[PDB]
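Taking it in order: structure first as structure tokens, then the write-up.
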Amino acid sequence: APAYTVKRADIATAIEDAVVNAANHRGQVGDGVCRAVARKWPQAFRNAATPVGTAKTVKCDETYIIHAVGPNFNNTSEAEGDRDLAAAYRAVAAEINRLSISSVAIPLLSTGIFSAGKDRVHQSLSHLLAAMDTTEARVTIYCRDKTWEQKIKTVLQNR
């Protein structure tokens, strides 16, 4: 069975078997919590593009890194947006079982440019957990080095 957890770091220097990333759509090096990963595993980004609402694993060397593409609410209808956000997390969850890892780090998708108002970990984390509960890996939630992580803790205890 999976289990939730929280860690205060950039989602890159994780130590779980697999590392999920808030990938843009185009697998390019880009803004926000993405670059951290690219510095360790640049080859994993190399043509790692995949459509909205999905996940694309690339093996850099001997790790499974999973690029999850969140929908941009700033350019989609809330129906499409919450749906494809769940789609992305579900595609991740599939790849978790698919590569069959025991532990994986996972950032709260819906930040920087995807949010367009959607700025509640509680919401994204609902769609994430609903999908990732279907796996049996550890579920180490990451965000950044900050008070946001504290909020994610309180939510994880409340939910």
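Letters for chains follow the order of the structure tokens (A, B, ...), residue numbers begin at 1 for each chain, and ligand numbers begin at 1 in the order shown.
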* Within 7 Å of range 18-25 of chain A using only C-alpha atoms, minus same-chain residues under 3 positions, as a ChimeraX atom specification -> /A:33-34,49-52,63-69,101,103-107,109
* Asked: Which neighbours of residue 129 in chain A fall inside 9 Å, counting only C-alpha atoms, when residues of the same chain fewer than 5 positions from it are skipped, and could you give them as a list in words?
  ->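 Counting only the stated atoms, we get residues 4, 89, 124, 134 and 139 of chain A.
Each of A:42, A:53, A:117, A:112 was checked against residue 86 in chain A using only C-alpha atoms; the smallest atom-to-atom distance is that of A:53.
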* Filtered DSSP result for range 26-137 of chain A, state strand (DSSP E or B), as a list in words ->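 Here are the strand (DSSP E or B) residues of range 26-137 of chain A: residues 55, 56, 57, 58, 59, 64, 65, 66, 67, 68, 69, 103, 104, 105, 106 and 107 of chain A.
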* Out of A:44, A:121, A:146, A:135, which residue has the shortest atom-to-atom distance to residue 159 in chain A when counting only C-alpha atoms? -> A:121
